[PDB]
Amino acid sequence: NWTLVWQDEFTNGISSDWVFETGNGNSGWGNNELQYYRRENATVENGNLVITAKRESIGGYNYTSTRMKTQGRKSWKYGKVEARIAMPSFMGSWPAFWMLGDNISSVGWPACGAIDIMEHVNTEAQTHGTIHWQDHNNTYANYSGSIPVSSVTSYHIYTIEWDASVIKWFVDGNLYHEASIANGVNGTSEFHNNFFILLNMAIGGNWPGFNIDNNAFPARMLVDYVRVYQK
């Protein structure tokens, strides 16, 4: 059976296991994103994390939002990782629930690996699950699947199950994507390391594009909980 090993239910504020990013990072967090991250864009309302993206000017940027992470506090090798999320749907939006290898501080991205548990862009009627890594030839690799979601603005449950064989992705318990990491096949060795969790909402960038609905602000992403189970 699955054993619960960590959670944030956001019932009494935001856990001290989260650290917040500030600013636009290096070339828009590597994706030419337009937002400046802050602590102030994260609040709790009635047992939910609220990440609010705003049209707000600071440090030469015209949008603000939150990127938070458990890096340096909590990380896991294998498990079931899930969040119950309701996210906005508007041109320019790019919310994510994802994971990075603990060793990013030494080896960088994408050698560290990334598991995107949920991404959404713009007004798409689907959500994406992806791994990113450096394959056996040291070439940047990604492997993505998607599932139709007619209402991303409603709460859905976004899950991975991760073991030494496979990562499986689910929305509302519906399996839609799977990736073998057995024996480090296709150079997937770095998914046999500890990973930490991130939550964010980016505004613009290479994938969603730079057509921003300025009339969609402020915009809210609500997270009822994040949980990690292991065997």
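Start at 1 with the first residue shown and count on from there.
The stretch with the higher mean CA B factor, choosing between 153 to 161 and 104 to 112, is 104 to 112. Stretches compared: 6 to 14, 219 to 227. Higher mean C-alpha B-factor in the entry: 6 to 14.
Split the chain's modelled residues into thirds by C-alpha temperature factor. Residue 141 is in the middle one.
In the PDB entry, residue 130 places in the lowest third of its chain by CA B-factor.
Annotation for residue 180: C-alpha temperature factor in the middle third relative to the rest of the modelled chain, per the entry.
Residue-level temperature factors show residue 44 in the highest third of its chain, judged at the C-alpha atom. Per the PDB record, residue ranking by Cα B-factor puts residue 64 in the lowest third of the chain.
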